[PDB]
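What follows is one structure encoded as structure tokens, with my remarks underneath.
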Amino acid sequence: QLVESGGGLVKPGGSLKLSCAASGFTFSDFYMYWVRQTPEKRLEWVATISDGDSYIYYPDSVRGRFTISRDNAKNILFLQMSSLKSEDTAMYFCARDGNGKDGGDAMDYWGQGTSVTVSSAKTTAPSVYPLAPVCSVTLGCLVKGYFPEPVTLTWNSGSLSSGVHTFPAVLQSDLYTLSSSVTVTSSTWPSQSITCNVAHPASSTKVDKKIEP
Amino acid sequence: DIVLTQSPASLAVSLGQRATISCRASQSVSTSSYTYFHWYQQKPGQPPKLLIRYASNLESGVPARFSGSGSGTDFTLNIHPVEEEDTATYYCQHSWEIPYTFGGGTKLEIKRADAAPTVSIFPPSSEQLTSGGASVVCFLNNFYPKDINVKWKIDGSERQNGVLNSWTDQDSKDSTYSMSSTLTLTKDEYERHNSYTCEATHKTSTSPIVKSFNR
Amino acid sequence: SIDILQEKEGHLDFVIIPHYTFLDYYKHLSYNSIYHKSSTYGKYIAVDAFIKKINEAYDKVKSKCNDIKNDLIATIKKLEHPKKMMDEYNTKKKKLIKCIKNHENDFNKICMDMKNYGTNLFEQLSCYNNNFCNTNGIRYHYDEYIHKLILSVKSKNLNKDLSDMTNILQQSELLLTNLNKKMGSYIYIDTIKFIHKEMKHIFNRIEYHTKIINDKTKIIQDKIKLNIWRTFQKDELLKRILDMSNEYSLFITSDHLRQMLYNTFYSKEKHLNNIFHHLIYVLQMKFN
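Residue numbers (the deposited numbering), protein chains in the order written: chain B, 3 to 137, 144 to 221; chain C, 1 to 215; chain A, 160 to 241, 301 to 506.
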């Protein structure tokens with residue numbers, strides 16, 4: 003297994019180094035890849051490095067901007083990012099080549115991914131609002153304008169997460185918005201107090217906003 | 001630069017039936033001896049997992065239902081019978097030339113009986129208005145197909161402006177959809193009107209589903 | 160066929176030409192199959208080990224005819240330091315050729331054991347891009363195993379080496395042409411008749427090998443350029459290495475013999491000037 007680290011928020015024109023921790027195998031036997039997945043789910047090959055660093059391949063998209071390197075001694079994969087465009091914003095995966103005898107094998111093992119996001123945009127904490135009904145019951149929770157993604161939203165510290173519906177976040181300006189809906193029976197809600205839990209890590213927030221009528 | 005064209009982009013499939021995804025390449029990725037092409041599977045919020053090795057070279061952990069095929073420029077990924085553990089984005093890839101290109105994508109979709117949404121309306125919170133904002137939320141909870149039309153109406157006249165829509169991808173269990181529609185106004189602009197209504201028009205109903213309120 | 164070699168006096172050791180060449184070709188397939196990928200590289204030690212483990216065993220199989228060989232040195236030392303002996307030579311010489319012809323199935327097995335090794339490593343040679351196969355192993359191997367030899371040949375003038383040799387082969391022939399007059403007696407006339415015949419056959423093998431050496435030194439030097447800072451498809455790469463291996467093996471075997479046959483000729487010219495000590499000391503008295 004492989005593990006990606008070094009992601010985050012960079013302003014356009016900045017630089018970033020991404021690492022990948024290779025395990026379960028003989029690192030210096032394999033050719034290694036980097037693959038980005040843009041928010042609109044498109045897969046774009048980023049770079050290829052030979053087992054003993056001698057052969058390196060880059061698409062015209064990243065030519066002379068990105069640098070792939072390995073340390074076969076430390077069992078690590080490195081992607082240097084320099085002078086970045088917003089276009090690079092994507093989920094960066096590190097991957098092992100198959101190493102087939104006859105052929106040019108596939109990307110057999112894929113790491114979990116690391117998010118890179120190229121925006122001049124400022125990191126801001128979200129405002130949490132409990133959506134309560136109008137004076144079988146469904147109740148919401150609104151998370152307005154925060155940056156960057158993600159937000160982990162649970163209900164009643166996770167205990168009350170059954171018939172929940174959390175929605176993808178939307179870029180409305182330069183701030184993200186996501187809403188979530190929990191469904192209960194008319195008799196559960198007022199009596200058994202149900203609160204919404206929102207955590208925005210970049211701001212180091214942990215918000216418990218009580219739903220009440 | 002090779003280009004791989006996946007047909008279709010999305011696919012509606014009833015449980016147990018046949019699913020067919022076709023990748024078309026600009027240049028020939030084959031040799032009378034090898035075929036540098038590969039299929040993956042991408043289950044929601046996960047990295048692509050290797051499905052097919054070369055043309056049909058199935059993976060140690062891939063079921064009997066899956067079967068990739070082809071040579072040269074035209075390929076076909078076949079799934080029969082389709083089950084719930086199949087809903088994922090499918091991507092064909094090539095290892096032939098220097099520009100390693102991926103396919104567009106093919107989101108598989110389980111075709112289930114049509115279901116009506118569970119429409120709910122929410123006035124702006126007290127803390128929201130004290131900051132000077134007014135988000136009127138109109139959730140829709142369990143539907144099929146993904147096609148729905150939502151009209152917002154303030155005091156009977158439609159509003160199409162301040163709307164922020166967000167849809168969930170098929171809910172694995174019930175295999176239904178859900179979507180948030182948010183009309184955002186200021187505290188002052190909200191405090192100028194009375195009736196705030198949202199109209200969910202969907203194929204299950206002849207007449208639109210309506211949830212409304214007055215301040 | 161076979162090649163008999165007397166480098167030093169009291170030393171004799173034969174070389175079965177198709178054998179030495181068969182072995183070398185599979186040694187080059189072993190290295191090129193190892194030096195291709197960066198990872199395989201470390202295997203070299205085990206390959207190094209194996210070549211020794213196969214060479215040592217061939218030397219055991221050849222050293223099993225030591226008696227017939229030691230009987231030959233005896234019949235050789237007898238003719239060098241003096301029909302009866304002339305016919306004693308050919309029967310013992312024909313006895314040694316039979317000994318090799320006897321251990322034929324013994325030799326061909328060590329031969330096949332190395333072919334079974336070298337091809338196994340070649341079958342194992344994988345390409346990352348079979349469409350775009352690298353040629354580092356070709357450049358590394360050549361620059362580390364074959365290049366020194368090309369320089370080694372480009373340094374020593376193998377033509378003057380023959381030029382100097384016919385000059386010697388000439389005077390001895392001028393000596394025997396006018397010695398045959400009415401002098402044909404006690405100057406161990408047969409020893410000069412034996413070595414001159416023996417030295418003439420040696421030169422023919424040298425002239426045979428030097429041509430092949432000068433030959434392949436061009437071929438190899440030309441053929442590398444074509445297969446070095448590039449990327450062939452596996453189908454070509456597989457072939458391209460074999461051709462370089464085929465051409466290396468000839469150069470090497472044929473070179474080894476040119477150095478052995480050179481040394482064998484002068485130890486056979488040591489016994490001429492020493493047997494010329496007699497002819498001078500003989501003729502020095504007649505003027506008294």
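A virtual CB, placed ideally from N, CA and C, is assigned to each residue, including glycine.
Only buried fits residue 86 (chain C), as 16 or more other CB atoms lie within 10 angstroms of its CB. Closer than 8 Å to the CB of residue 348 (chain A) there is at least one CB belonging to chain C.
The beta carbon of residue 206 (chain A) lies closer than 8 Å to those of 189, 190, 193 and 339 in the same chain, with the five residues before and after it left out. Secondary structure of residue 87 (chain B) (DSSP, three-state): coil. Pairwise C-beta distances place the stretch 184-202 of chain C in contact with the stretch 139-157 of chain C, as three or more of them are shorter than 8 Å. Straight through space, the alpha carbons of residue 61 (chain B) and residue 37 (chain C) are spaced by roughly 18 Å. Here the alpha carbon of residue 190 (chain B) sits roughly 18 Å from the alpha carbon of residue 152 (chain B). Residue 196 (chain A) reaches chain B at 53, counting residues in chain order whose Cβ is nearer than 7 Å. Around the C-beta of residue 500 (chain A), fewer than 16 other C-beta atoms lie within 10 Å, and the residue is accordingly described as exposed. Boundaries of the beta strand (DSSP E) around residue 132 (chain B): 129-133. Contact between the stretch 99-108 of chain B and the stretch 158-174 of chain C is not established, with fewer than three Cβ pairs separated by less than 8 Å.
Here residue 22 (chain B) is buried. Its C-beta has 16 or more other C-beta atoms within 10 Å. When the alpha-carbon of residue 109 (chain B) is set against those of C:68, C:100 and C:67, the nearest one is in C:100. Taking C-beta atoms as the reference points, residue 351 (chain A) and residue 452 (chain A) count as a pair closer than 8 Å. If you check each beta-carbon in the stretch 94-127 of chain B against every beta-carbon of chain C, the ones closer than 9 Å belong to 95, 97, 99, 100, 102, 104, 105, 106, 107, 108, 109, 110, 111, 112, 113, 114 and 115. Between residue 344 (chain A) and chain B, the shortest Cβ-Cβ separation is below 8 Å.
Residue 93 (chain C) has C:38 and C:102 as its beta-bridge partners, per DSSP. Identification of residues in the stretch 24-47 of chain B having a C-beta nearer than 9 Å to some C-beta of chain A yields 28, 30, 31, 32 and 33, given in sequence order. Following the DSSP letters along the chain, one finds residue 326 (chain A) inside the alpha helix (DSSP H) bounded by residues 322-342. For the pair residue 238 (chain A) and residue 425 (chain A), the Cα-to-Cα distance works out to about 26 Å. Interface flag for residue 3 (chain C) against chain B is unset, since no Cβ pair is found closer than 8 Å. With a cutoff of 8 Å on beta-carbon distance, residue 124 (chain C) and residue 54 (chain C) are scored as not near each other. Ranked by Cα distance from residue 167 (chain B), the options B:187, B:146 and B:204 are led by B:204. In this structure, residue 321 (chain A) lies near residue 220 (chain A), with their beta-carbon atoms less than 8 Å apart. Residues of the stretch 18-35 of chain C with a C-beta atom less than 7 Å from some C-beta of chain A are 34, listed in chain order.
Three or more Cβ pairs closer than 8 Å define a contact, and the stretch 157-167 of chain B meets that threshold against the stretch 204-213 of chain B. Considering only beta carbons, no part of the stretch 478-493 of chain A lies closer than 8 Å to chain B. Chain B has a Cβ within less than 8 Å of the Cβ of residue 352 (chain A). Here the stretch 5-15 of chain C makes no contact with the stretch 11-26 of chain B; the two share fewer than three CB pairs at distances below 8 Å.
Beta-bridge annotation (DSSP): residue 205 (chain B) is paired with B:162 and B:216.
Residues of the stretch 161-179 of chain B with a Cβ closer than 7 Å to any Cβ of chain C, in chain order: 173, 175, 176 and 178.
DSSP places residue 425 (chain A) inside the alpha helix (DSSP H), whose first and last residues are 407-443.
Around the beta carbon of residue 28 (chain B), a 10 Å sphere encloses fewer than 16 other beta carbons of the protein chains shown; the residue is thus reported as exposed.
Annotation: the continuous beta strand (DSSP E) that includes residue 142 (chain C) extends over 133-143. A check of alpha carbon separations from residue 65 (chain C) across C:213, C:130, C:89 and C:84 identifies C:84 as the nearest.
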